[PDB]
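Trainee: Protein chains in written order, with the working numbering: chain A, 1 to 881; chain B, 1 to 881.
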Ligand SMILES: CC(=O)SCCNC(=O)CCNC(=O)[C@H](O)C(C)(C)COP(=O)(O)OP(=O)(O)OC[C@H]1O[C@@H](n2cnc3c(N)ncnc32)[C@H](O)[C@@H]1OP(=O)(O)O
Ligand SMILES: CC(=O)SCCNC(=O)CCNC(=O)[C@H](O)C(C)(C)COP(=O)(O)OP(=O)(O)OC[C@H]1O[C@@H](n2cnc3c(N)ncnc32)[C@H](O)[C@@H]1OP(=O)(O)O
Ligand SMILES: CC(=O)SCCNC(=O)CCNC(=O)[C@H](O)C(C)(C)COP(=O)(O)OP(=O)(O)OC[C@H]1O[C@@H](n2cnc3c(N)ncnc32)[C@H](O)[C@@H]1OP(=O)(O)O
Ligand SMILES: CC(=O)SCCNC(=O)CCNC(=O)[C@H](O)C(C)(C)COP(=O)(O)OP(=O)(O)OC[C@H]1O[C@@H](n2cnc3c(N)ncnc32)[C@H](O)[C@@H]1OP(=O)(O)O
């Protein structure tokens, strides 16, 4: 757990090799050779009973004979010695170990032994790790490595070797390269936490097959991706691959939803992985999504345009002033527009003139340069002149460059030169377009996740009634419920349903059917098989009573012949007037073994297969996320906009989805929910048929989800000295405008005291950072009071903890005109109580002398005060909270 | 046009270079250098007034000074000299010319000049052509070339150079390489006709941007692909690309349909083009679709499996006996199944043993071998041992091998070694799967096009009634017709429609609505209104008499208040059709400027965008092709078989599509047809709303289509000497079983006379060859008589022409027991009349001197008879066909 302890693995001062050997075909031999060639600054200690020296290095007979305690150890021996060697290492005092091989029946003993001695293990069957900046190569890989700024994490040795070979071809390096093996003790989330703070790393790439702890992964990825881009490839999308990899449990749309919610992006295949390596290594970050293209030929540009159109990209438009490329610069047979075709006989000088003129403008955000083989412009010379021209231009640092030099045999030297100058290069124009659109989409998703949500209109949630009804249902032994029984539960949360009636025989069915509209639907009450399709028990559109009697008798007869023993409660009759022009939708909620409950949206009438015709999301939902889900559904053509005559209403559907999310979050007894179909008619949404599967539950009900929901139990009413009453509660994303006003009503000196600097404005991004928090790692309380249905913020306090949950940093601020009423003390006391109950061990803060009020309050609250004059700093620390 | 005239271009004996020069930067200099370096067996003659010699070759001052007439000439000069130089060449007697440069305003004069002198032209704006086996490089390209068996045709210079460079990297060659430029005179269909007969060519690859004569292209590709595979890539799918290339007139789904109908396969992007080059060059033809996979790692195999699943491929299943693998030295920890994962520590010997055992079995049709970098199995050694093992195995020629060696830096030499031995190799597993599935799909499409159609249900086609009604409609200035007016026209061809009876004004609207007291289809329309969105009229929950009254009266008020100027019209009644319960479909027919009329099938989701939600086909259709269209629609998830509760009836939909095709083929006055709500309710299909746009026609009906339809006008009744009456008509694909019986009733000696050999079998493929013909290039007549609703064939004749339409080979055969009644003479006379009318010049045939009857009949018919004894052959020729 503790981030302390990974230091020995990633920055060791000494390493021991157990099983080093002189035989050239042995694993110990290869590991020793790699370590000696790495460039390490510490000692490498071989341990073996069969040799007095290995590759010129004096050896030691056994572990106990070592002159001192090694930082890191590697086992290169048969699995049958694992436990004894591990025990000896634990006795010696080593704290980190890499294990070459082990069967699956050994995991429990290994974990117990590691716990006994407080040792960390890198997954068994691991290839190893490489850290070029420390000159460390502790791996069994036959491929060399070079220094760089990209980090890679893999759960597969073959992929690791392949990527290393690709990097060798292109003269590119890394900052860290780690193989996880079986991930018994050390796992992906800890490494993400570590890499988020490494100064030499600027981007992260991952290949994954399975996970064990979803919430920690989501939180770590969300925290890490705030300042560095992260991409992921995940295999095993088909039944045969799942069987091959032994990962049959789980569902792939859940992976899609989880990856999207954390701010990452998924790549599809091997080619895109290589392109991602190139792009993350060399491309400059984007400032927009306008593209400009120039070429010495038409057809390659046409192919690029087709690729761009397939992905909904945007072409840049030239201005009238920039169009002076016609006047003198270029010959008269070149048409001036985007894309710019310089023709087959273009020379390098044309390229340079065009590049200069284009760079001195502001009409685009990225530039694509295409070159095909030609006599008038040899590849190497044109590449050299391009590199020089880009180097010497004053405004080159404002746009992103991309190069695509076609011709495999004649472009080798040009590509080599591009690599050493730090400019990205690609093999085909379609690949270039794909690489560009990847980053465009990444930025779009990150921006979309952070817009300000609106307040919800409806606020109805009668939790107690729903629990009461569900408890009564489970008491009798019921395991599923139908529309008639489910209507009150849905109504308790503000959802409408079509009325239905119960009939015990065909006579009553006919009586009620004629009492209502004759076009009706009949449904048997089947408690044995709840499946509609099994017996095909739903039939509809019966215009005449005679049809009703015939259908009822047919159902009864086929039941008594096919399956008489089943218990019969009667039929269900409902009027269905002719309506299909109203749009029909389907909503399903299911439980994933890995990520927990999942919400899916799709079309109603058609057959159900979520892998291809459904969009997904993780609860809990607010208005913004539900809107995002609906708009994704519309864009991907899986949901037809205005399928009915009336256009679809987005806001009402978002509200309904929010209500469904509330219901699912509140009641853990529900295992599955299905609305088939949901009728959309303007601003009216109604449920036609609905089913629920229920079961007893025993747990906390908060650890169920991958994202911690809003902690409603922390709300509390307080009374001040003057008698005023207010509410203390956690902060919400919807609070942004009121926070803007609150900041507006604070003086400059108080802002200087709070933020230790001068602040003239807070943008939307800072406010979003303040209001949209992860409740597992951060907490903030606000004090509010209501005036004529409008809230108002009086103060705020905050605490930010470390990933290990040991230390946290605190702050507090009160409105300038409400100083001496006791708000600060109450806020701080509530924060102290919460942090102590959460499991933290310390609070830390920093302020300056001449902030007398804060120092006095901290002394009143029991803090330890450290005034360091001559540096103008005061330290504050509180122990048991 | 004339296949004779291409010999000078493709196999010249001498060449003249107009405008050769000694300046290294001139085009003539480059052409001269290429030609002298190519290895030509003839003379190269430079013509220029500015040099006495060029690159050591004596020069001549002008064209008139040449010592003899050259076969081929090349123009390397400014476009302003084109016409004068061409006139001089025509005077000298040259018959072929390549033109470097010309603007679009010159085309008419160039065509006229070429026609005057009987000269063929390549280009203009053409890169040239290369023919390695003749040692000829007459082109302006800077990339070298090598001998091979693949041929390539391109409409783009940059793509040509890129492909040549790619081939240079991989050490592969070509048989012919030709660039078309503007295709003013020489075009694609003539080149396909020529390449179909070239002995050194075994496959063909094309890059295209536009066409000018669809009929000839389709026919030529159909003929050529019978014995050689052909792939195509076509760019310009988006409006921006179309604007860039000046090809906005066409429609891409028409290209899709045309490519499919001719038996070819379309490739998507640049990567697939490179893979296609590799596959056509090296892979052995498939005999099945079962795949086997082995690897030295799991994850690459899993990626392969995912790619295979996404394309609906088939995995092979091992037999129990092949469990020799468990014994044959594979370690105990390897699991025996497909894919077979030899572990990371696999050695070369394991590979060789597995390969031997697998090759000695019959469980699969293709084998994929994956290798990742490792210490135990170095790349080069493993490749060498694999090559030797494959070379020495007796059964290697029964399966197709594919290799995928990952790791760019370390596998260069291995890929080179694979190239020299003729084994295909690919960069990534996904690419390998894609390459395999391309050929699988190609074979599947070719097989599907040739199954036996079933006879139709003797549908009605009253052409006279439909023509009379359409002429009456146009006589009154009508430009479009609605459902009421088009009901009889649809009924004439056997298609059901909603009822069409008259009704009076709005006061009678409610009365006719209540005439049955339920919703029913009443139409109120404006004919001048461009759009139908104003109507907003659909009968859904306009049920109750109160509903009828109120809604209908309000609708009348709203509809009639809108527009005073519009010419309003009266009412007339139709009945309600249920569409909510039933499944809704859409059918549209449109006219394409290139390929002619097109038929589109869709789901009918209100929103209509054929580019992504429709399947397409070319008329005329029979039952087989219509079924193929429907099944394609179902497989792509564009139309649901289960949108309604009732399963979809394929046969009835096929029959309906055939009826629509008949209607469209018969009546050229129709420009567009739209059946928006086509209802399917099992075996019942009815049209709800339908529109027709009509216009006068003045051309030739048969020439509108890309495929010549069945020539019904050639049927004729004849009576024989004995008085029996029978029908002579062209052959049909539906005649296969009757032809089988007819062949069954012929004696062995007559079969020897007919086929000049002993034949003990006619498979389904030979019969398909006999019965499925292209009517523009082949004609066959059968004589049939009716017996109790069952037909029987008495004889058959055939004539197969050449693409130039000058010569044709003929044959005849009569049932053994019906000889001596006049059938042979009548069949031959009908054939002679038809061939003379078609425009052929000559008829040829061969037989043997013991066939007295044929010789006597040919003498009776006026043939010239030449008997060559000592060789056992008799030649027959008739001079005017
Ligand atoms: C994740 C990856 O891709 S790693 C690269 C791919 N390679 C692999 O997956 C294969 C890994 N496995 C192997 O190499 C082998 O199967 C092994 C090493 C696991 C087992 O080999 P074995 O012969 O069973 O090993 P064993 O433990 O008996 O002996 C290994 C060495 O340890 C030495 N040794 C024995 N006892 C001890 C001891 N107590 N302390 C130290 N060394 C010892 C033995 O002398 C032997 O050395 P030597 O051959 O020079 O005399
Ligand atoms: C953590 C960091 O990085 S430092 C940032 C701290 N925040 C700021 O400086 C923001 C600006 N200041 C403020 O917001 C407020 O002044 C705060 C938060 C410092 C204090 O909140 P307030 O509402 O003013 O305090 P409150 O009324 O609860 O006072 C509590 C105790 O402080 C004492 N106190 C407050 N100000 C002073 C003062 N200037 N001198 C002496 N005692 C003081 C009061 O006597 C009271 O004592 P008591 O409980 O024994 O009767
Ligand atoms: C895709 C490809 O084809 S590769 C890329 C090239 N693409 C292109 O479109 C072609 C590029 N364009 C060019 O090279 C130039 O524009 C050209 C060749 C078309 C015209 O150049 P111009 O200088 O106008 O040609 P012009 O006809 O005047 O002279 C060319 C040569 O013909 C010679 N010439 C002049 N009159 C005659 C004549 N009656 N007969 C023969 N030769 C003649 C001239 O001497 C000159 O030779 P020189 O340079 O050794 O003195
Ligand atoms: C076509 C090629 O390239 S060669 C392959 C030719 N095909 C065959 O040999 C297939 C086997 N034979 C047959 O199918 C038939 O016998 C055919 C096609 C040769 C003749 O067709 P038939 O129906 O027998 O001929 P039909 O009755 O029309 O006779 C036409 C004339 O031929 C004459 N004739 C036919 N057979 C003979 C014969 N063996 N000897 C002399 N005269 C003959 C008849 O007298 C008649 O003459 P007439 O018009 O002056 O009265």
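Using N, Cα and C, we set each Cβ at its ideal position, and we do this for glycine too.
When you compare only the Cα positions, how much space is there between residue 264 (chain A) and residue 169 (chain A)?
Mentor: C-alpha separation (whole angstroms): 28 Å.
Trainee: Quick one: which chain B residues come within Cβ less than 8 Å of residue 320 (chain A)?
Mentor: Result: empty, since nearest Cβ-Cβ is about 20 Å, beyond 8 Å.
Trainee: Does any C-beta atom of chain A lie closer than 8 Å to the C-beta of residue 501 (chain B)?
Mentor: No, residue 501 (chain B) lies away from the interface with chain A (no Cβ there is under 8 Å from its Cβ).
Trainee: Compare the C-beta of residue 165 (chain A) against all C-beta atoms of chain B and say whether one is closer than 8 Å.
Mentor: So, interface residue.
Trainee: Taking C-beta pairs closer than 7 Å, name the residues in chain D that residue 409 (chain A) reaches, listed in chain order.
Mentor: The structure shown contains no chain D; its protein chains are A and B.
Trainee: Who are the neighbours of residue 373 (chain A) on chain B, taking C-beta pairs under 9 Å?
Mentor: Simply 141, 142, 143, 158, 161, 162, 164 and 165.
Trainee: Against chain B, with Cβ distances strictly below 8 Å, would residue 309 (chain A) count as a contact?
Mentor: Yes, residue 309 (chain A) lies at the interface with chain B (some Cβ there is under 8 Å from its Cβ).
Trainee: Does residue 343 (chain B) have its Cβ less than 8 Å from a Cβ in chain A?
Mentor: No - not a single Cβ of chain A is within 8 Å of the one on residue 343 (chain B).
Trainee: When every heavy atom of ligand 2 is checked, does at least one fall within less than 7 Å of the C-beta of residue 11 (chain A)?
Mentor: It does not: the Cβ of residue 11 (chain A) is nowhere closer than 7 Å to a heavy atom of ligand 2.
Trainee: Just to confirm, are residue 338 (chain A) and residue 317 (chain A) a CB contact at a threshold of 8 Å?
Mentor: Against a cut-off of 8 Å, the Cβ pair of residue 317 (chain A) and residue 338 (chain A) comes out as a contact.
Trainee: Counting along the chain, where does the beta strand (DSSP E) carrying residue 258 (chain B) start and finish?
Mentor: Note, residue 258 (chain B): premise wrong, no beta strand (DSSP E); alpha helix (DSSP H) at 252-261.
Trainee: Does the beta-carbon of residue 872 (chain A) have 16 or more other beta-carbons within 10 angstroms, so that it is buried, or is it exposed?
Mentor: It is exposed - the Cβ of residue 872 (chain A) has fewer than 16 other Cβ atoms within 10 Å.
Trainee: Return no unless some Cβ of chain B is closer than 8 Å to the Cβ of residue 339 (chain A).
Mentor: Yes, contact with chain B.
Trainee: What residue range is occupied by the uninterrupted alpha helix (DSSP H) comprising residue 741 (chain A)?
Mentor: It spans 736-744 - the alpha helix (DSSP H) in which residue 741 (chain A) sits, taken as one unbroken run.
Trainee: What's the C-alpha gap between residue 746 (chain A) and residue 397 (chain A)?
Mentor: Between residue 746 (chain A) and residue 397 (chain A), the C-alpha separation is close to 39 Å.
Trainee: Please confirm whether residue 640 (chain B) has its beta-carbon closer than 8 Å to some beta-carbon of chain A.
Mentor: Taking Cβ atoms only, chain A reaches closer than 8 Å to residue 640 (chain B), which makes this a yes.
Trainee: Under 7 Å from any heavy atom of ligand 3, does the C-beta of residue 27 (chain B) make it?
Mentor: Within the cutoff, so yes.
Trainee: How many angstroms separate the CA atom of residue 441 (chain A) from the CA atom of residue 144 (chain A)?
Mentor: Roughly 34 Å between the two C-alpha positions.
Trainee: Give me the Cβ distance between residue 49 (chain A) and residue 61 (chain A), rounded to the nearest whole Å; I'm assuming they're in contact under 8 Å.
Mentor: Yes, residue 49 (chain A) and residue 61 (chain A) are in contact; Cβ-Cβ is about 5 Å, under 8 Å.
Trainee: Using C-beta distances below 7 Å, list every residue in its chain close to residue 70 (chain B), excluding the 5 sequence neighbours before and after it, in chain order.
Mentor: Once the five neighbours on either side are set aside, the close Cβ partners of residue 70 (chain B) are 14, 15, 16, 45 and 94.
Trainee: Under the three-state reduction of DSSP, which class applies to residue 191 (chain B): helix, strand or coil?
Mentor: Helix, per DSSP.
Trainee: Mark residue 783 (chain B) as exposed unless 16 or more other C-beta atoms lie within 10 angstroms of its C-beta, in which case mark it buried.
Mentor: Per the 10 Å Cβ criterion, buried.
Trainee: Out of curiosity, what's the CA-to-CA distance linking residue 587 (chain B) and residue 675 (chain B)?
Mentor: Whole-angstrom Cα-Cα distance: 5 Å.
Trainee: Quick one, what's near ligand 4 if you take every residue whose CB is closer than 5 Å to any heavy atom, in chain order?
Mentor: Ordered along the chain, the selected set is B:750, B:753, B:754, B:811, B:812, B:813, B:814, B:819, B:820, B:822, B:823, B:824, B:825, B:845, B:847, B:852, B:853, B:854, B:856 and B:857.
Trainee: Less than 8 Å between CB atoms is the rule here; does residue 541 (chain B) satisfy it with respect to chain A?
Mentor: Yes, contact with chain A.
Trainee: Answer yes or no: do residue 184 (chain A) and residue 287 (chain A) have a C-beta to C-beta separation smaller than 8 Å?
Mentor: Going by C-beta atoms, residue 184 (chain A) is not nearer than 8 Å to residue 287 (chain A).
Trainee: What do you reckon, are the CB atoms on residue 54 (chain A) and residue 22 (chain A) nearer than 8 Å?
Mentor: In this structure, residue 22 (chain A) lies closer than 8 Å to residue 54 (chain A) by Cβ.
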